[PDB]
Amino acid sequence: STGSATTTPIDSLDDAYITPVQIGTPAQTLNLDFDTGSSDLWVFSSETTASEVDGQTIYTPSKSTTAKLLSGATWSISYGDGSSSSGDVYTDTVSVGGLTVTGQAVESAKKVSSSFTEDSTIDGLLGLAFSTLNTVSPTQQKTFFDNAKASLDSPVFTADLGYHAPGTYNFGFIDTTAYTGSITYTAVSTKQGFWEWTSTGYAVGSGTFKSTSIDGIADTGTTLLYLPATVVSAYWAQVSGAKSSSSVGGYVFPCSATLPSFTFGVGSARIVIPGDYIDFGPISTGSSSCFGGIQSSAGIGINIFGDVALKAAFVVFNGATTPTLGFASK
């Protein structure tokens with residue numbers, strides 16, 4: 001089997017991407033944020049505290065003939081940005097782009113943090129990290145990908161995120177028309193439950209490539225690129241007037257700037273992030289200070305290759321017995 005679904009930016013800045021997912025019988029279609037940095041499939045639901053729902057589409061398990069309460073199971077998750085959600089659990093049929101899993105754990109939110117309430121475009125998350133991070137208790141549950149894997153033509157999924165444009169998530173096959181050149185594969189550590197890999201270095205604009213190992217995670221559920229302070233300082237030093245603002249919460253730059261590209265290494269290959277991808281626009285409406293798309297990971301505790309990086313590539317999440325990651329230009 002295979003699946004293929006279009007993923008669409010939620011706004012003009014590509015702050016996140018949503019992908020339609022069919023849940024239950026008859027299908028209830030919710031737009032979920034596919035997140036390779038977490039491992040819970042959770043949704044706004046008929047059980048979500050009413051005051052915490054503001055425009056989202058909800059899953060109503062009582063209207064699904066295939067839904068069944070997973071008795072005694074609860075979940076609770078806290079994300080790196082401080083957002084959170086929690087609730088109870090159903091199993092139901094879940095389909096993505098024509099690929100169907102029966103008996104998928106669908107985590108129904110009873111509570112969500114304000115950041116979720118305030119974003120009407122995200123109806124929940126679909127986690128695609130390793131199932132060891134799944135928060136369901138007392139019986140940990142598998143991700144959609146882990147449940148699907150045995151049925152897939154090949155045990156892979158791919159992320160092809162667009163810059164200010166829709167893109168694609170494919171399951172079970174590699175679309176050889178979706179990238180240029182060759183795919184470079186690189187080792188993954190699953191020890192922390194993430195798609196964790198080591199970049200071979202970086203360059204800023206037309207500058208020389210710096211060979212240096214940068215351990216980080218491939219995370220479709222994080223907007224920006226978070227790298228060591230040394231690397232980030234070297235980037236922003238090439239933008240006149242750029243500075244780190246403690247009040248804003250990161251590097252800002254004059255909206256009049258032309259940003260340089262940023263290159264990261266994957267083995268002996270190179271992925272180039274165009275400067276435009278690093279512009280996240282005015283810090284507040286009408287401001288001439290713009291927010292940067294490359295930020296320091298100091299204080300996070302891990303480097304994160306979020307959407308800013310991933311959208312510059314065709315990315316293969318290879319879930320073979322020994323997982324690997326592949327990157328191609330596109």
# chains A, B, ... in the order shown; residues from 1 in each chain; ligands from 1
$ select_by_dssp --residues "region 101-263 of chain A" --states "strand (DSSP E or B)" --output "VMD selection string"
chain A and resid 101 to 112 124 to 127 137 156 to 160 167 to 171 184 to 187 189 196 to 204 210 to 218 225 to 227 243 to 245 250 to 254 262 to 263
$ residues_around --residues "residue 223 (chain A)" --least-positions-apart "2" --cutoff "9 Å" --atoms "only C-alpha atoms" --output "mmCIF file with N, CA and C atoms, in the first residue's frame"
data_model
loop_
_atom_site.group_PDB
_atom_site.id
_atom_site.type_symbol
_atom_site.label_atom_id
_atom_site.label_comp_id
_atom_site.auth_asym_id
_atom_site.auth_seq_id
_atom_site.Cartn_x
_atom_site.Cartn_y
_atom_site.Cartn_z
ATOM 1 N N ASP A 14 4.264 30.436 6.336
ATOM 2 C CA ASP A 14 4.566 29.016 6.513
ATOM 3 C C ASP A 14 4.824 28.709 8.001
ATOM 4 N N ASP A 15 4.000 29.238 8.889
ATOM 5 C CA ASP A 15 4.225 28.990 10.310
ATOM 6 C C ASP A 15 4.049 27.506 10.668
ATOM 7 N N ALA A 16 3.222 26.813 9.903
ATOM 8 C CA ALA A 16 3.040 25.376 10.026
ATOM 9 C C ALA A 16 2.327 24.928 8.775
ATOM 10 N N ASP A 219 12.587 17.868 12.092
ATOM 11 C CA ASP A 219 11.323 18.126 12.788
ATOM 12 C C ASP A 219 10.355 18.977 11.964
ATOM 13 N N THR A 220 9.423 18.312 11.285
ATOM 14 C CA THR A 220 8.439 19.019 10.485
ATOM 15 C C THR A 220 7.471 19.856 11.318
ATOM 16 N N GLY A 221 7.359 19.556 12.612
ATOM 17 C CA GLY A 221 6.461 20.270 13.500
ATOM 18 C C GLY A 221 7.040 21.500 14.169
ATOM 19 N N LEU A 225 14.666 27.039 12.061
ATOM 20 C CA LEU A 225 15.925 26.309 12.125
ATOM 21 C C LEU A 225 16.688 26.789 13.359
ATOM 22 N N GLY A 293 14.497 33.504 10.632
ATOM 23 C CA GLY A 293 14.143 32.094 10.560
ATOM 24 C C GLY A 293 15.209 31.116 11.015
ATOM 25 N N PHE A 305 16.347 20.958 12.988
ATOM 26 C CA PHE A 305 16.157 21.221 11.563
ATOM 27 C C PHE A 305 14.656 21.229 11.309
ATOM 28 N N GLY A 306 14.044 22.382 11.563
ATOM 29 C CA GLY A 306 12.625 22.573 11.366
ATOM 30 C C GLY A 306 12.296 22.930 9.930
ATOM 31 N N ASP A 307 11.090 23.451 9.730
ATOM 32 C CA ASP A 307 10.566 23.636 8.384
ATOM 33 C C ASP A 307 11.451 24.521 7.495
ATOM 34 N N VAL A 308 12.060 25.564 8.063
ATOM 35 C CA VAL A 308 12.969 26.422 7.293
ATOM 36 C C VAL A 308 14.017 25.594 6.544
#
$ residues_around --residues "residue 101 (chain A)" --least-positions-apart "5" --cutoff "12 Å" --atoms "only C-alpha atoms" --output "number ranges by chain"
A: 1-3, 21-24, 66, 91-96, 106, 142-152
$ select_by_dssp --residues "region 68-195 of chain A" --states "helix (DSSP H, G or I)" --output "list in words"
residues 114, 115, 116, 117, 131, 132, 133, 144, 145, 146, 147, 148, 149, 150 and 151 of chain A
$ residues_around --residues "residue 120 (chain A)" --least-positions-apart "2" --cutoff "6 Å" --atoms "only C-alpha atoms" --output "VMD selection string"
chain A and resid 55 to 56 122
$ write_last_selection --atoms "C-alpha atoms" --output "CSV table (one decimal), in the first residue's frame"
chain,number,residue,atom,x,y,z
A,55,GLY,CA,-13.0,27.6,15.0
A,56,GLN,CA,-11.3,24.2,14.9
A,122,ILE,CA,-4.9,23.3,13.2
$ atom_distance --atom1 "CA of residue 29 (chain A)" --atom2 "CA of residue 160 (chain A)"
21.6 Å
$ closest_residue --among "A:195, A:323, A:184, A:245" --to "residue 268 (chain A)" --atoms "only C-alpha atoms"
A:184
$ residues_around --residues "residue 280 (chain A)" --least-positions-apart "2" --cutoff "7 Å" --atoms "only C-alpha atoms" --output "ChimeraX atom specification"
/A:13,278,282,290-293
$ atom_distance --atom1 "CA of residue 169 (chain A)" --atom2 "CA of residue 124 (chain A)"
16.6 Å
$ closest_residue --among "A:67, A:18, A:257, A:109" --to "residue 43 (chain A)" --atoms "only C-alpha atoms"
A:109
$ residues_around --residues "residue 77 (chain A)" --least-positions-apart "4" --cutoff "8 Å" --atoms "only C-alpha atoms" --output "ChimeraX atom specification"
/A:84-86,135
$ write_last_selection --atoms "N, CA, C and O atoms" --output "JSON list (two decimals), in the first residue's frame"
[["chain", "number", "residue", "atom", "x", "y", "z"],
["A", 84, "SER", "N", 0.70, 22.64, 25.12],
["A", 84, "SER", "CA", 0.34, 21.36, 25.72],
["A", 84, "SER", "C", -1.10, 20.97, 25.41],
["A", 84, "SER", "O", -1.90, 21.81, 24.99],
["A", 85, "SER", "N", -1.41, 19.70, 25.64],
["A", 85, "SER", "CA", -2.75, 19.19, 25.50],
["A", 85, "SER", "C", -2.82, 17.85, 26.22],
["A", 85, "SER", "O", -1.79, 17.23, 26.51],
["A", 86, "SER", "N", -4.04, 17.41, 26.54],
["A", 86, "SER", "CA", -4.24, 16.16, 27.25],
["A", 86, "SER", "C", -5.66, 15.67, 27.08],
["A", 86, "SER", "O", -6.55, 16.43, 26.71],
["A", 135, "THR", "N", 2.80, 9.34, 24.47],
["A", 135, "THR", "CA", 2.51, 9.64, 25.87],
["A", 135, "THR", "C", 1.34, 8.86, 26.47],
["A", 135, "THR", "O", 1.02, 9.04, 27.64]]
